[PDB]
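Protein chains in written order, with the deposited numbering: chain B, 102 to 151; chain I, 130 to 179.
The beta-carbon is built from N, C-alpha and C at its ideal position, and this holds for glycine as well.
Below: one structure, written as structure tokens.
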């Protein structure tokens, strides 16, 4: 019984890591949106400067 | 007049770029039109003085 409980705990922790992966992916999406906004602003400010 | 013309050019260039609204261009055009009347009046006053 003790061994079976240990196996259950290990499985759950591994699944937790798997979910952390998707969390980090969402963070990446946030940063990408920020970069896109900055790029649009610059590309916008450029021709005026010519 | 030179200064106001330069300002109108900047505002139009920014609107085209996509940083402002039509109302700003309308105000810039009004301000540029006013100085044109003032410049004409100055020449009339000069001729009247002569």
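Alpha-carbon to alpha-carbon, residue j and residue i
i, j, result
"residue 145(B)", "residue 142(I)", "10 Å"
"residue 140(I)", "residue 140(B)", "21 Å"
"residue 71(I)", "residue 171(I)", "Residue 71(I) cannot be examined here, being either before or after the span of chain I that is shown, 130 to 179."
"residue 130(B)", "residue 109(B)", "33 Å"
"residue 118(B)", "residue 128(B)", "16 Å"
"residue 131(I)", "residue 178(I)", "25 Å"
"residue 165(I)", "residue 148(B)", "28 Å"
"residue 143(B)", "residue 135(I)", "22 Å"
Partner residues on chain B for residue i, Cβ-Cβ distance less than 9 Å
i, result
"residue 139(I)", "149"
Beta-carbon neighbours of residue i, restricted to chain B and to distances below 8 Å
i, result
"residue 143(I)", "149"
Contact list for residue i against chain I, beta-carbon separation under 8 Å
i, result
"residue 145(B)", "146, 147 and 148"
Residues near residue i in its chain [Cβ-Cβ closer than 6 Å; skip 5 each side]
i, result
"residue 125(B)", "none"
Cβ-based neighbour list, residue i, same chain, cut-off 7 Å, excluding 5 preceding and 5 following
i, result
"residue 133(I)", "160, 161 and 164"
Three or more beta-carbon pairs under 8 Å between the region 128-135 of chain B and the region 130-140 of chain I, yes or no? Because the criterion of three Cβ pairs below 8 Å is not met, the region 128-135 of chain B and the region 130-140 of chain I do not touch.
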